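> Chains as they are written, first to last, in PDB author numbering: chain B, 12 to 42; chain D, 12 to 42; chain F, 12 to 42; chain H, 12 to 42; chain J, 12 to 42; chain A, 12 to 42; chain C, 12 to 42; chain E, 12 to 42; chain G, 12 to 42; chain I, 12 to 42.
We put the CB at the ideal spot given by N, CA and C, even for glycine.
Protein chains: 10
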Amino acid sequence: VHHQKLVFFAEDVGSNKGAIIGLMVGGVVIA
Amino acid sequence: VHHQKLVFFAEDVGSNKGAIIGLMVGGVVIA
Amino acid sequence: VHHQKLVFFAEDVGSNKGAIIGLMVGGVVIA
Amino acid sequence: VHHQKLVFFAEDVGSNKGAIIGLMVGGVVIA
Amino acid sequence: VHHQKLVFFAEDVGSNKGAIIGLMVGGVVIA
Amino acid sequence: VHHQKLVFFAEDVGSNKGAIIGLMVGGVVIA
Amino acid sequence: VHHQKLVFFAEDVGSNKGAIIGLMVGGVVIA
Amino acid sequence: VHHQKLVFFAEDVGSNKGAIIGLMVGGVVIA
Amino acid sequence: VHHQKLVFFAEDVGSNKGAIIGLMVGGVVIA
Amino acid sequence: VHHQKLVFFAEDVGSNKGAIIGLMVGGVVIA
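(1) Less than 8 angstroms between the beta carbons of G:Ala-30 and I:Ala-30, yes or no?
(2) What did DSSP end up calling E:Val-39 once you bin it into helix, strand or coil?
(3) For the beta strand (DSSP E) holding G:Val-12, just list the boundary residues, first then last.
(4) Spatial neighbours of J:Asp-23 within its chain, please: CB distance less than 6 angstroms, with the 5 preceding and 5 following residues excluded, ordered by chain position.
(5) Quick check on H:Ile-41: buried or exposed, where buried means 16 or more other Cβ atoms within 10 Å of its Cβ?
(6) Give me the Cα-Cα distance between I:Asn-27 and H:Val-18, rounded to the nearest whole angstrom.
(7) What residue range does the beta strand (DSSP E) around A:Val-18 cover?
(8) Can you give me the C-alpha to C-alpha distance between F:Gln-15 and I:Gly-25, rounded to a whole angstrom?
(9) With a Cβ-Cβ cutoff of 8 angstroms, do H:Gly-38 and F:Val-12 count as a contact?
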């Protein structure tokens with residue numbers, strides 16, 4: 012197992028008001 | 012197991028008002 | 012197990028008003 | 012287990028008004 | 012277990028008005 | 012003409028990440 | 012013309028991360 | 012014309028990280 | 012024209028990290 | 012024209028880390 016760059020943003024992100032998660036094992040994510 | 016660069020931002024981020032998490036084991040994330 | 016660069020910002024970040032977390036084991040994150 | 016550079020900022024950060032955490036074991040983070 | 016450079020700032024930080032924490036074991040962080 | 016309580020919140024508001032406007036005369040509101 | 016209590020919050024507000032405006036005459040509001 | 016209490020908070024506000032404006036004549040508000 | 016109590020806080024404010032403005036004539040407010 | 016109590020805090024303010032402005036004529040406010 013070899014995880015790498017799970018979430019990738021090649022260009023700029025204007026703003027973040029939610030949740031950006033690379034890897035989760037649990038749950039209960041509310042956006 | 013070898014985790015690396017789980018969340019990647021190649022360019023600038025304007026602002027962050029939520030949650031940026033690379034790896035989580037629990038839960039209950041509210042955005 | 013070998014964690015490295017879980018959250019990566021290649022360019023500048025304008026501002027942070029939320030939560031930037033590399034790794035968590037618990038939960039209850041409110042953004 | 013070998014943690015390293017959990018949160019990385021390659022360029023300048025304009026300002027921080029939230030929480031920047033490398034690793035947490037508990038919870039109850041309010042942003 | 013070998014922790015190192017949990018939070019890394021490669022370039023200058025304009026200002027800090029929140030919380031920058033390398034490692035925590037408890038909780039109740041309010042930003 | 013008598014404007015009063017254009018937007019009313021009788022109970023608590025968990026959070027606001029958009030725009031709450033009582034009265035507008037122009038336009039171009041982006042949510 | 013008599014404006015009064017254009018935006019009303021009868022109970023507590025947990026947090027504000029957007030824009031709360033009572034009255035506007037222009038525009039270009041980005042949330 | 013008689014403006015009064017354009018934005019009203021009857022109870023406590025936990026925190027403010029956006030913009031609270033009573034009256035504006037221009038524009039270009041970014042939240 | 013008679014402006015009064017444009018922004019009102021009847022109870023305590025936990026903290027302010029954005030902008031609280033009673034009246035503006037220009038623009039370019041960034042939160 | 013008669014301005015009075017443009018921004019009102021009836022109870023205690025825990026802390027201020029942004030900008031509290033009663034009246035502005037220009038612009039370019041960054042929070």
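Let me lay it out:
(1) Closer than 8 angstroms, so yes.
(2) The three-state secondary structure of E:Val-39, taken from DSSP, is coil.
(3) Note, G:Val-12: premise wrong, no beta strand (DSSP E); not H, not E.
(4) Cβ within range, chain order: n/a, list empty.
(5) Buried, by the Cβ-count rule.
(6) Straight-line Cα distance between these residues: approximately 28 angstroms.
(7) Looking at the DSSP string, the run of the beta strand (DSSP E) that includes A:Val-18 is 18 to 20.
(8) Those two C-alpha atoms are separated by around 38 angstroms.
(9) Against a cut-off of 8 angstroms, the Cβ pair of F:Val-12 and H:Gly-38 comes out as no contact.
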